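Everything on this sheet refers to the single structure shown next.
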Amino acid sequence: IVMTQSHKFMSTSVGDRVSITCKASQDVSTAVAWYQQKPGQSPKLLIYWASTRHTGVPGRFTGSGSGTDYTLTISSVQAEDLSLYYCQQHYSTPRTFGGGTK
Amino acid sequence: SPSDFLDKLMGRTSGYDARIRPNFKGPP
Amino acid sequence: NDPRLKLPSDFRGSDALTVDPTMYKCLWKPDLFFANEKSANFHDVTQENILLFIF
Amino acid sequence: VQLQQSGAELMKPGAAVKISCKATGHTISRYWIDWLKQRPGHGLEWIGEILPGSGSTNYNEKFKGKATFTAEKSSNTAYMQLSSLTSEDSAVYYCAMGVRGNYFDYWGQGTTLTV
């Protein structure tokens with residue numbers, strides 16, 4: 001599987017709606033997770049199975065999509081949402097991520 | 001429709017394969 | 001190994017083919033017993049406890 | 001549950017370094033300990049996994065031989081050894097852990113490597 005994010009850098013103002021597309025290579029159809037890695041720290045988990053949230057995550061992060069085309073969504077961008085966002089498939093054994101979106 | 005609906009929901013017809021989990025190739 | 005269970009080239013999967021545990025009755029299985037057991041026991045508490053992965 | 005790695009590392013080519021992952025909060029032989037690679041310029045990458053009790057490992061096909069997973073229940077720590085270090089190995093190495101799935105919800109602070 002080759003997860004892909006076709007936008008290395010995205011522009012957004014504080015309080016916007018932005019969608020980050022992670023177009024999978026083959027059909028996993030639910031197996032996607034989204035990570036946030038501020039500079040100098042471990043990528044913390046945000047979404048797993050493409051629609052669920054992790055214990056202690058703000059409710060403005062929403063996962064969607066299925067099959068191949070996936071998408072993360074931040075309703076109201078705060079100041080802490082200015083970091084790197086990694087998508088991740090956990091369907092097969094070799095667990096590629098897909099580069100990263102900024 | 002008679003009460004043979006159990007055969008169109010399961011068993012003899014409708015091709016319900018009781019060995020394949022729901023949402024095959026999908027969420028858990 | 002069982003070369004008749006070689007999954008086709010049109011099967012992506014993750015790495016295996018986790019199947020219905022009740023599907024063991026249609027495959028060959030080594031018939032190993034325990035030469036010390038006085039009385040052994042299967043387990044079916046909701047249904048029979050068996051795995052079946054076919055790589 | 002927490003994963004406390006070792007410190008930063010500096011090695012020369014041809015050598016081999018062993019990174020630890022001190023599991024402070026649970027028995028190391030309990031969960032799969034995953035190993036990841038973050039090389040700047042590129043993205044993350046999955047090295048493999050080791051169940052520290054049964055000695056079972058599932059390496060990535062790109063890292064076969066390059067990486068060796070070990071464990072030691074005397075101190076509850078999972079090790080990784082990188083053999084034949086080259087300039088390509090300059091990256092940060094993590095030891096994640098996914099409890100309720102194949103995602104990575106528990107991470108390590110990181111262990112910088114510079115060949």
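Residues are named by chain letter and number: chains run A, B, ... in the order of the structure tokens, numbers start at 1 in each chain, and ligands are numbered from 1 in the order shown.
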
May I have a table of the residues of chain A lying at most 8 Å from chain B, giving each one's closest pair of atoms and their distance in Å to one decimal, counting only C-alpha atoms, ordered by chain and ascending residue number, as a tab-separated table?
residue	atom	partner	partner_atom	distance
A:28	CA	B:25	CA	7.0
A:29	CA	B:26	CA	5.6
A:30	CA	B:27	CA	5.3
A:31	CA	B:27	CA	7.5
A:49	CA	B:27	CA	7.3

Next on the checklist: I want to know what sits within 9 Å of residue 11 of chain D, based on only C-alpha atoms, with residues of the same chain fewer than 3 positions away left out; could you give that as an MDAnalysis selection string?
Outcome noted: chainID D and resid 14:17 85 113:115

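Coordinates place atom CA of residue 12 of chain D at a distance of 7.8 Å from atom CA of residue 86 of chain D.
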
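Pairwise distance (atom CA of residue 78 of chain A, atom CA of residue 56 of chain A) equals 16.3 Å.
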
Next on the checklist: Show me, as a count of residues only, the residues that have an atom within 7 Å of residue 76 of chain A when counting only C-alpha atoms, minus same-chain residues fewer than 5 positions from it.
Outcome noted: 4

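For residue 109 of chain D, the residues within 7 Å (counting only C-alpha atoms, excluding itself and residues fewer than 5 positions away along the chain) are residues 41 and 42 of chain A; 4 and 5 of chain D.
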
Next on the checklist: Residues of chain A within 7 Å of chain D, counting only C-alpha atoms - could you list those as a ChimeraX atom specification?
Outcome noted: /A:33,41-42,44-45,48,90,94-97,99-100

C-alpha atoms of the current selection, written as a CSV table (one decimal), in the first residue's frame:
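And here's out.csv as it stands now:
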chain,number,residue,atom,x,y,z
A,33,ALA,CA,-5.2,7.0,11.2
A,41,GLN,CA,8.0,15.6,19.7
A,42,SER,CA,6.4,12.2,19.0
A,44,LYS,CA,0.4,11.9,18.8
A,45,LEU,CA,-2.6,10.0,17.6
A,48,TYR,CA,-8.0,5.7,14.0
A,90,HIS,CA,-3.3,0.0,9.5
A,94,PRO,CA,4.0,-3.0,5.8
A,95,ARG,CA,2.5,0.1,7.4
A,96,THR,CA,3.4,3.0,5.2
A,97,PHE,CA,2.2,6.5,6.2
A,99,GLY,CA,4.7,11.6,3.5
A,100,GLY,CA,3.0,14.3,5.6

Next on the checklist: Need the shell around residue 2 of chain A: protein/DNA/RNA residues with any atom at most 7 Å away, counting only C-alpha atoms. Skip same-chain ones fewer than 3 positions apart. Format as a VMD selection string?
Outcome noted: chain A and resid 24 to 25 96 98

Please produce a file of the residues just selected, as a short mmCIF file (atom, residue, chain, number, x, y, z; two decimals), in the first residue's frame, where the atoms kept are N, CA and C atoms.
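So again_10.cif came out as:
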data_model
loop_
_atom_site.label_atom_id
_atom_site.label_comp_id
_atom_site.auth_asym_id
_atom_site.auth_seq_id
_atom_site.Cartn_x
_atom_site.Cartn_y
_atom_site.Cartn_z
N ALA A 24 -5.35 6.53 -0.66
CA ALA A 24 -4.68 5.25 -0.53
C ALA A 24 -4.36 4.67 -1.91
N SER A 25 -3.55 3.61 -1.90
CA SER A 25 -3.17 2.93 -3.14
C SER A 25 -4.19 1.86 -3.53
N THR A 96 3.00 1.75 5.68
CA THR A 96 3.40 3.05 5.17
C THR A 96 2.49 4.13 5.74
N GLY A 98 2.63 7.92 4.29
CA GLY A 98 2.20 8.79 3.20
C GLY A 98 2.78 10.19 3.19
#

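One finds atom CA of residue 35 of chain D at 25.1 Å from atom CA of residue 70 of chain A.
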
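Selected on chain A by distance to chain C: residues 91, 92 and 93 of chain A (within 7 Å, counting only C-alpha atoms).
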
Checklist entry - For chain C, which residues have at least one atom within 9 Å of chain B, if we go by only C-alpha atoms? Write them as an MDAnalysis selection string, please. => result chainID C and resid 13 19:23

Next on the checklist: So that I can check the secondary structure, give me every residue of chain D assigned strand (DSSP E) by backbone DSSP, as a PyMOL selection string.
Outcome noted: chain D and resi 3-5+9-10+17-23+33-38+44-51+56-57+67-72+77-82+91-94+111-114

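Across D:66, D:90, D:78, D:99, the tightest approach to residue 19 of chain D is made by D:78 when counting only C-alpha atoms.
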